[PDB]
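Okay, model23.pdb now, which holds PDB, C-alpha atoms (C1' of nucleotides):
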```
ATOM      1  CA  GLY Y 735     139.383  46.287  92.662
ATOM      2  CA  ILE Y 736     137.068  43.371  93.561
ATOM      3  CA  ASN Y 737     135.367  41.711  90.608
ATOM      4  CA  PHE Y 738     131.474  41.718  91.018
ATOM      5  CA  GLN Y 739     128.084  41.908  89.174
ATOM      6  CA  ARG Y 740     124.742  43.474  90.532
ATOM      7  CA  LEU Y 741     121.339  41.833  90.689
ATOM      8  CA  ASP Y 742     118.572  44.478  90.549
ATOM      9  CA  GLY Y 743     114.916  44.769  89.592
ATOM     10  CA  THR Y 744     115.808  46.332  86.168
ATOM     11  CA  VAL Y 745     117.307  43.611  83.902
ATOM     12  CA  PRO Y 746     116.408  41.750  80.676
ATOM     13  CA  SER Y 747     115.793  37.971  81.001
ATOM     14  CA  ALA Y 748     118.738  37.328  78.627
ATOM     15  CA  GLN Y 749     121.138  39.542  80.614
ATOM     16  CA  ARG Y 750     119.889  38.153  84.030
ATOM     17  CA  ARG Y 751     120.518  34.646  82.802
ATOM     18  CA  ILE Y 752     124.139  35.255  81.486
ATOM     19  CA  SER Y 753     125.686  36.322  84.756
ATOM     20  CA  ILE Y 754     123.846  33.811  87.086
ATOM     21  CA  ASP Y 755     125.575  31.018  85.206
ATOM     22  CA  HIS Y 756     128.914  32.913  84.906
ATOM     23  CA  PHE Y 757     128.823  32.914  88.643
ATOM     24  CA  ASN Y 758     128.195  29.235  89.437
ATOM     25  CA  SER Y 759     130.804  27.979  86.866
ATOM     26  CA  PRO Y 760     133.808  26.171  88.517
ATOM     27  CA  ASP Y 761     136.459  28.953  88.018
ATOM     28  CA  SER Y 762     134.798  32.350  88.567
ATOM     29  CA  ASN Y 763     136.835  35.118  90.242
ATOM     30  CA  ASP Y 764     134.045  37.148  91.810
ATOM     31  CA  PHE Y 765     133.244  36.104  95.320
ATOM     32  CA  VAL Y 766     131.166  39.271  95.755
ATOM     33  CA  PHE Y 767     127.688  39.286  94.506
ATOM     34  CA  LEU Y 768     124.964  41.774  95.637
ATOM     35  CA  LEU Y 769     121.156  40.948  95.435
ATOM     36  CA  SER Y 770     117.556  42.375  96.245
ATOM     37  CA  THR Y 771     114.910  41.268  98.881
ATOM     38  CA  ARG Y 772     112.026  40.628  96.389
ATOM     39  CA  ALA Y 773     114.345  40.928  93.294
ATOM     40  CA  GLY Y 774     117.060  38.753  95.061
ATOM     41  CA  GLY Y 775     114.734  36.056  96.519
ATOM     42  CA  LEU Y 776     112.675  36.397  93.395
ATOM     43  CA  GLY Y 777     113.802  32.876  92.351
ATOM     44  CA  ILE Y 778     117.000  31.178  91.162
ATOM     45  CA  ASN Y 779     119.596  29.401  93.241
ATOM     46  CA  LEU Y 780     123.266  30.136  94.153
ATOM     47  CA  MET Y 781     125.253  26.863  94.815
ATOM     48  CA  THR Y 782     128.822  28.219  94.872
ATOM     49  CA  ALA Y 783     128.137  30.955  97.525
ATOM     50  CA  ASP Y 784     128.751  30.377 101.433
ATOM     51  CA  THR Y 785     128.388  33.816 103.077
ATOM     52  CA  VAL Y 786     125.369  36.143 103.089
ATOM     53  CA  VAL Y 787     125.212  39.416 104.959
ATOM     54  CA  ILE Y 788     122.059  41.549 105.832
ATOM     55  CA  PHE Y 789     122.247  45.390 105.987
ATOM     56  CA  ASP Y 790     118.704  45.782 107.405
ATOM     57  CA  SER Y 791     115.826  43.457 108.196
ATOM     58  CA  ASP Y 792     113.352  43.474 105.123
ATOM     59  CA  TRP Y 793     110.460  45.032 107.071
ATOM     60  CA  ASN Y 794     109.171  41.626 107.973
ATOM     61  CA  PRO Y 795     109.957  38.083 109.222
ATOM     62  CA  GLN Y 796     110.818  35.449 106.556
ATOM     63  CA  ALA Y 797     111.756  37.766 103.426
ATOM     64  CA  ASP Y 798     115.239  37.135 104.748
ATOM     65  CA  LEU Y 799     114.582  33.429 105.366
ATOM     66  CA  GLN Y 800     114.119  32.850 101.622
ATOM     67  CA  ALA Y 801     116.802  35.585 100.943
ATOM     68  CA  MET Y 802     119.271  33.118 102.488
ATOM     69  CA  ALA Y 803     117.405  30.272 100.782
ATOM     70  CA  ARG Y 804     118.910  31.262  97.344
ATOM     71  CA  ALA Y 805     122.377  30.703  98.674
ATOM     72  CA  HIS Y 806     121.738  28.041 101.260
ATOM     73  CA  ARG Y 807     120.683  25.093  99.070
ATOM     74  CA  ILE Y 808     121.214  21.255  98.804
ATOM     75  CA  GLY Y 809     124.385  21.605  96.676
ATOM     76  CA  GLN Y 810     126.483  24.002  98.810
ATOM     77  CA  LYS Y 811     129.491  22.034 100.174
ATOM     78  CA  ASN Y 812     130.967  24.992 102.212
ATOM     79  CA  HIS Y 813     128.729  25.058 105.318
ATOM     80  CA  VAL Y 814     127.038  28.418 105.414
ATOM     81  CA  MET Y 815     127.443  31.815 107.055
ATOM     82  CA  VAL Y 816     124.937  34.676 107.790
TER      83      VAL Y 816
ATOM     84  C1'  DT P   1     110.351 208.294  44.941
ATOM     85  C1'  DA P   2     113.490 204.454  45.845
ATOM     86  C1'  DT P   3     116.989 202.566  49.303
ATOM     87  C1'  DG P   4     119.112 201.743  53.438
ATOM     88  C1'  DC P   5     118.409 202.821  58.550
ATOM     89  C1'  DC P   6     115.441 203.345  63.778
ATOM     90  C1'  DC P   7     111.175 201.265  66.639
ATOM     91  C1'  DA P   8     107.493 197.662  67.588
ATOM     92  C1'  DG P   9     105.410 192.613  66.776
ATOM     93  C1'  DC P  10     103.907 187.551  66.909
ATOM     94  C1'  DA P  11     105.896 182.896  66.282
ATOM     95  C1'  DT P  12     110.065 180.116  65.970
ATOM     96  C1'  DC P  13     113.110 177.093  69.475
ATOM     97  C1'  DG P  14     114.402 175.752  73.953
ATOM     98  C1'  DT P  15     114.151 175.407  79.317
ATOM     99  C1'  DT P  16     111.659 175.768  84.570
ATOM    100  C1'  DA P  17     108.111 175.355  87.574
ATOM    101  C1'  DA P  18     103.191 174.485  89.281
ATOM    102  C1'  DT P  19      99.114 171.398  88.571
ATOM    103  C1'  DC P  20      95.477 167.566  87.372
ATOM    104  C1'  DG P  21      95.666 162.977  86.847
ATOM    105  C1'  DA P  22      97.297 158.064  86.334
ATOM    106  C1'  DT P  23     100.106 154.178  88.533
ATOM    107  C1'  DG P  24     102.186 151.603  92.410
ATOM    108  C1'  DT P  25     102.001 150.580  97.454
ATOM    109  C1'  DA P  26     100.584 150.158 102.134
ATOM    110  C1'  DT P  27      96.952 150.162 106.254
ATOM    111  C1'  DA P  28      93.207 149.700 109.256
ATOM    112  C1'  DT P  29      87.780 148.640 108.195
ATOM    113  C1'  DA P  30      83.290 146.941 106.415
ATOM    114  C1'  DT P  31      81.198 142.887 103.600
ATOM    115  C1'  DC P  32      80.913 137.550 101.738
ATOM    116  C1'  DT P  33      80.675 132.557 102.246
ATOM    117  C1'  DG P  34      81.661 128.656 104.425
ATOM    118  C1'  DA P  35      81.580 126.927 107.683
ATOM    119  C1'  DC P  36      82.717 123.350 112.384
ATOM    120  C1'  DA P  37      81.480 123.423 117.476
ATOM    121  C1'  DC P  38      77.430 123.975 120.841
ATOM    122  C1'  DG P  39      72.832 123.873 122.502
ATOM    123  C1'  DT P  40      68.190 123.607 121.183
ATOM    124  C1'  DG P  41      64.509 119.752 120.707
ATOM    125  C1'  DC P  42      63.108 114.860 120.123
ATOM    126  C1'  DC P  43      63.486 109.094 118.567
ATOM    127  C1'  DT P  44      64.831 105.208 119.878
ATOM    128  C1'  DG P  45      68.012 102.521 117.670
ATOM    129  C1'  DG P  46      71.575 101.131 120.710
ATOM    130  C1'  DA P  47      73.227 100.094 125.530
ATOM    131  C1'  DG P  48      72.447  97.925 129.795
ATOM    132  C1'  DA P  49      70.853  94.077 132.582
ATOM    133  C1'  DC P  50      68.929  89.282 133.296
ATOM    134  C1'  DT P  51      67.320  84.782 131.736
ATOM    135  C1'  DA P  52      66.883  80.367 129.280
ATOM    136  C1'  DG P  53      68.104  77.332 126.262
ATOM    137  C1'  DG P  54      70.346  74.954 122.785
ATOM    138  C1'  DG P  55      74.635  75.278 119.998
ATOM    139  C1'  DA P  56      79.054  74.318 120.139
ATOM    140  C1'  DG P  57      83.226  72.741 122.951
ATOM    141  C1'  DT P  58      85.468  68.677 124.222
ATOM    142  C1'  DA P  59      86.399  64.319 125.154
ATOM    143  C1'  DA P  60      86.371  59.072 123.898
ATOM    144  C1'  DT P  61      85.801  55.501 120.483
ATOM    145  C1'  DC P  62      85.765  53.664 115.640
ATOM    146  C1'  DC P  63      86.897  52.285 111.134
ATOM    147  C1'  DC P  64      87.164  53.911 106.774
ATOM    148  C1'  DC P  65      90.121  56.093 103.508
ATOM    149  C1'  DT P  66      94.210  57.681 102.139
ATOM    150  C1'  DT P  67      99.064  56.746 101.354
ATOM    151  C1'  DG P  68     102.822  53.246 100.436
ATOM    152  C1'  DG P  69     105.558  49.735  98.917
ATOM    153  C1'  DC P  70     106.300  46.834  95.265
ATOM    154  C1'  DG P  71     107.051  44.979  90.394
ATOM    155  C1'  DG P  72     105.266  43.732  84.449
ATOM    156  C1'  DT P  73     103.599  44.675  81.006
ATOM    157  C1'  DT P  74     103.059  47.823  77.629
ATOM    158  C1'  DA P  75     101.675  52.364  76.078
ATOM    159  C1'  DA P  76     103.568  56.578  76.281
ATOM    160  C1'  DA P  77     107.058  60.176  76.322
ATOM    161  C1'  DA P  78     111.319  61.333  74.036
ATOM    162  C1'  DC P  79     114.421  62.051  69.758
ATOM    163  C1'  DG P  80     115.817  62.779  66.146
ATOM    164  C1'  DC P  81     115.625  63.701  60.828
ATOM    165  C1'  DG P  82     113.777  65.925  57.039
ATOM    166  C1'  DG P  83     111.465  68.831  54.392
ATOM    167  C1'  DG P  84     107.440  71.327  53.424
ATOM    168  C1'  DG P  85     104.343  75.558  54.262
ATOM    169  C1'  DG P  86     103.229  78.884  57.116
ATOM    170  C1'  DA P  87     105.281  83.103  59.569
ATOM    171  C1'  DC P  88     107.064  87.362  58.814
ATOM    172  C1'  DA P  89     109.010  91.226  56.360
TER     173       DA P  89
END
```
What does this structure look like when you write it as structure tokens?
Amino acid sequence: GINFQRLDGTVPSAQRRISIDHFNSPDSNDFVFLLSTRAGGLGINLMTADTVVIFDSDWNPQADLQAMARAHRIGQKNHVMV
DNA sequence: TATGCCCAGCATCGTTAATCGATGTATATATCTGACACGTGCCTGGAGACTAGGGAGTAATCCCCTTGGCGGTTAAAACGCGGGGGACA
């Protein structure tokens, strides 16, 4: 029972856009959001988010460094956690 | 003289026994052919023995090619609906 949405490599521009905003709005319930390495770090920014967790290194140095870049941006007012 | 009576006389039927011949069944012998093994004779195409050499084995290095992963469009596969025309009787 935890409210979420997924962020894959398979989604229409219109549908991708709807949720990204739904998420950074002031009063959004879902604190769980799952993303891709190339599809996740693709672009965008997450300003509400503080914690980011890595299952496995992304066969390379730095795909992760941007992967955290989407969440760790100028706005975030809640430190950061990785 | 004709008509019933005595004394032979071969063919009718059936039954017994000996005989020539056909059929069925052994039983040891004399052909028929078809060999497979051996020794006869000879050739050399293989075996046996030795050499020499170059192919192929292996090992050590290289670098090209094949597989992989990924993501964007953009055609293609997929589906269905509908009804016509070919299959099949």
Please check the contacts: residues of chain P at most 12 Å away from chain Y, using all atoms listed in the file, listed as an NGL selection string.
:P and (69-72)
Contacts of residue 741 (chain Y) within 8 Å, all atoms listed in the file, excl. fewer than 5 positions in-chain, as an MDAnalysis selection string:
chainID Y and resid 750 767:770 773:774
Writing out the chosen residues with C-alpha atoms as a compact mmCIF listing (two decimals), in the coordinates of the input:
```txt
# COMPACT_ATOMS: atom_id res chain seq x y z
CA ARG Y 750 119.89 38.15 84.03
CA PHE Y 767 127.69 39.29 94.51
CA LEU Y 768 124.96 41.77 95.64
CA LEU Y 769 121.16 40.95 95.44
CA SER Y 770 117.56 42.38 96.24
CA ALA Y 773 114.34 40.93 93.29
CA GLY Y 774 117.06 38.75 95.06
```
Box along x, y and z, 3 Å on every side, all listed atoms of region 812-816 of chain Y inside: centre and edge lengths in Å to one decimal, as JSON.
```
{"center_x": 128.0, "center_y": 29.8, "center_z": 105.0, "size_x": 12.0, "size_y": 15.7, "size_z": 11.6}
```
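The coordinates place CA of residue 757 (chain Y) at 7.8 Å from CA of residue 782 (chain Y).
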Among the residues Y:780, Y:787, Y:775, Y:797, the one that comes closest to residue 756 (chain Y) [using only C-alpha atoms]:
Y:780
Please, what distance in Å, to one decimal, runs between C1' of residue 68 (chain P) and CA of residue 789 (chain Y)?
21.7 Å
Output check: residues returned by the PyMOL selection byres ((chain Y and resi 779) around 7), as a PyMOL selection string
chain Y and resi 777-778+780-781+804-805
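Distance-wise, CA of residue 738 (chain Y) and CA of residue 760 (chain Y) end up 15.9 Å apart.
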